[PDB]
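What's in data_16.pdb: PDB, C-alpha atoms
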```
ATOM      1  CA  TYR D   1     -76.965 -44.484  37.427  1.00  0.00           C
ATOM      2  CA  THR D   2     -75.954 -41.249  35.702  1.00  0.00           C
ATOM      3  CA  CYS D   3     -72.385 -41.286  37.015  1.00  0.00           C
ATOM      4  CA  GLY D   4     -70.079 -44.289  37.240  1.00  0.00           C
ATOM      5  CA  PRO D   5     -66.486 -45.536  37.592  1.00  0.00           C
ATOM      6  CA  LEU D   6     -65.702 -45.059  33.900  1.00  0.00           C
ATOM      7  CA  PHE D   7     -67.404 -41.658  33.811  1.00  0.00           C
ATOM      8  CA  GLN D   8     -66.393 -40.171  37.163  1.00  0.00           C
ATOM      9  CA  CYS D   9     -65.906 -36.474  37.915  1.00  0.00           C
ATOM     10  CA  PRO D  10     -62.445 -34.841  37.965  1.00  0.00           C
ATOM     11  CA  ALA D  11     -60.344 -34.453  41.110  1.00  0.00           C
ATOM     12  CA  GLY D  12     -62.125 -31.887  43.261  1.00  0.00           C
ATOM     13  CA  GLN D  13     -65.572 -32.196  41.702  1.00  0.00           C
ATOM     14  CA  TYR D  14     -68.276 -34.790  42.354  1.00  0.00           C
ATOM     15  CA  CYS D  15     -71.101 -36.189  40.228  1.00  0.00           C
ATOM     16  CA  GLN D  16     -74.602 -34.851  40.884  1.00  0.00           C
ATOM     17  CA  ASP D  17     -77.900 -36.190  39.545  1.00  0.00           C
ATOM     18  CA  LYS D  18     -80.218 -33.278  38.756  1.00  0.00           C
ATOM     19  CA  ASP D  19     -83.073 -32.903  36.271  1.00  0.00           C
ATOM     20  CA  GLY D  20     -82.414 -36.470  35.167  1.00  0.00           C
ATOM     21  CA  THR D  21     -78.865 -35.500  34.233  1.00  0.00           C
ATOM     22  CA  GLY D  22     -75.361 -35.704  35.666  1.00  0.00           C
ATOM     23  CA  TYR D  23     -73.178 -32.687  36.403  1.00  0.00           C
ATOM     24  CA  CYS D  24     -69.841 -32.069  38.120  1.00  0.00           C
ATOM     25  CA  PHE D  25     -69.954 -29.744  41.129  1.00  0.00           C
ATOM     26  CA  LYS D  26     -67.031 -28.320  43.105  1.00  0.00           C
ATOM     27  CA  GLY D  27     -68.250 -29.838  46.359  1.00  0.00           C
ATOM     28  CA  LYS D  28     -71.655 -28.187  46.048  1.00  0.00           C
TER      29      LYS D  28
END
```
As structure tokens, how would this structure be written, given the file I've shared?
Amino acid sequence: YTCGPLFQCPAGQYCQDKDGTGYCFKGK
């Protein structure tokens, strides 16, 4: 819900849903 196709993380980082928010993590 937080992350999507239009708002995807950069190459190397993935979207993470925490505290009702989305953040990009380097694998972690």
Would you list the contacts of residue 20 in chain D as number ranges by chain, taking every protein, DNA or RNA residue within 12 Å and counting all atoms listed in the file, but skipping same-chain residues closer than 2 positions in sequence? D: 1-3, 16-18, 22-23
Answer key for the PyMOL selection byres ((chain D and resi 25) around 8), residues as a PyMOL selection string: chain D and resi 13-16+23-24+26-28
Draw an axis-aligned box over all listed atoms of range 11-25 of chain D, pad each side with 5 Å, and write its centre and edge lengths in Å, one decimal, as AutoDock Vina command-line options.
```
--center_x -71.7 --center_y -33.1 --center_z 38.7 --size_x 32.7 --size_y 16.7 --size_z 19.0
```
